[PDB]
Amino acid sequence: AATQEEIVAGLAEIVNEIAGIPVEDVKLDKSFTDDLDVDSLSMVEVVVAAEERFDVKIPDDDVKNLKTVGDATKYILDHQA
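Residue numbers for the sequence shown follow the deposited numbering, so the first one is 1 and each next one is one higher.
What follows is the structure, given as structure tokens:
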């Protein structure tokens with residue numbers, strides 16, 4: 001279980017590990033594979049550590065359709081426990 005504050009703010013922690021993007025820069029209007037740029041191939045590893053964080057369940061086949069954390073937020077909320 002998590003909140004938007006865990007998703008948005010929390011992702012930046014994970015994103016800072018995976019790639020090294022600022023711990024507040026992974027905002028709702030910040031697209032992972034566009035504005036953020038998070039290694040690009042390793043992006044699934046962000047998912048893994050995010051799944052670790054929110055306890056979310058998002059397989060590679062599922063995550064392949066995301067964009068920003070705006071999408072990720074309501075998405076992760078429905079895909080988490």
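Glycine residues also receive a C-beta, built at the ideal position from the N, C-alpha and C atoms.
Residue i, buried or exposed, once every other Cβ within 10 Å from all chains shown has been counted against 16
i: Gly10; result: buried
i: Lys64; result: exposed
i: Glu6; result: buried
i: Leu36; result: buried
i: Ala81; result: exposed
Extent of the continuous alpha helix (DSSP H) to which residue i belongs
i: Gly10; result: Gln4 to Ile18
i: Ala72; result: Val69 to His79
Rounded C-alpha distance that separates residue i from residue j
i: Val8; j: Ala2; result: 10 Å
i: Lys57; j: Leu77; result: 10 Å
i: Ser42; j: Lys74; result: 23 Å
i: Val38; j: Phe32; result: 6 Å
i: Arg53; j: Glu45; result: 12 Å
Any chance you could list the alpha helix (DSSP H) runs of at least 4 consecutive residues sitting entirely within the region 28-67, in chain order? 43-54 and 60-63
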